[PDB]
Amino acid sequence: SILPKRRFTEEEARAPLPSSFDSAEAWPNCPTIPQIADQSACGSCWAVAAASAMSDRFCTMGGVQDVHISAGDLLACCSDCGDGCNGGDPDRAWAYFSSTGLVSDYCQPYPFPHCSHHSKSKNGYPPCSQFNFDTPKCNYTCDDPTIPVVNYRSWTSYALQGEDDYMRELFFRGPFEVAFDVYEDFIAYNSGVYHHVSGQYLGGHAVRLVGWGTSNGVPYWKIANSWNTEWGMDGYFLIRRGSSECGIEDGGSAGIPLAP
């Protein structure tokens, strides 16, 4: 990891964490948390999950109730992060949030429309396979140039590893970015607690971690996916917690938004 490891204070460390936890119920006055993103026909999961968590953390920590951080800005302008719509690194996305900063969804709206990721779309989105999107151009003015550019920054970035870090960080500071390996059997998930049993490896996938809990003696993470609200359980999925399922507990990325 390029980011420094998160160290917990003596007070944070000794906190008795609850058997279940939900970020939306923990910060009920933060409207960005329960919102689900759509990355569209682009490999921008690394950027979209980051911008979602940064938006959440401006409410949990930054003192701003409802600001949406522009995934598009991060996607296009962080060339050191990866190759835009062809994949990137969550760690470097958070490093960019502090060293340079990001505009809001209002300044630079996400350039790609809704599309269907699994199969059938009840709202009538075209298939995402129908679209082939290149990495958008990095812009330095708001799409509507008459809207002033407001730049949003964090003041620190750190990495996280393992069940306890994830839980402890989530509890104190809210949603952050994690990553895991996708297999064929994940694509059609719609219920239950996910566990890889069959299917070919497809690729890495960055996502936003919002909660934990236990269902019928099976501990799990509650995760916000970025395949719009029609995928999984209303945009979310549950995954096995405790034994790094698909490497979900191998690396997490987070930081603290600065009050502007």
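Residue numbers run from 1 along the displayed sequence.
Just going by the entry, 20-28 versus 244-252 on mean CA temperature factor gives the higher value to 244-252. Higher mean CA temperature factor, per the PDB entry, when comparing 185-193 with 170-178: 185-193. Per the PDB entry, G217 shows the highest C-alpha temperature factor of the residues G217, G211, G62, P34. If you compare the C-alpha temperature factors of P109, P148, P113, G101 in the entry, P113 comes out highest.
Annotation for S198: C-alpha temperature factor in the highest third relative to the rest of the modelled chain, per the entry. When the modelled residues of the chain are ordered by C-alpha B-factor, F133 sits in the highest third. Among the modelled residues of the chain, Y125 sits in the highest third by CA temperature factor in this PDB entry. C81 sits in the highest third of its chain by CA B factor, as recorded in the PDB entry. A71 sits in the lowest third of its chain by CA B factor, as recorded in the PDB entry.
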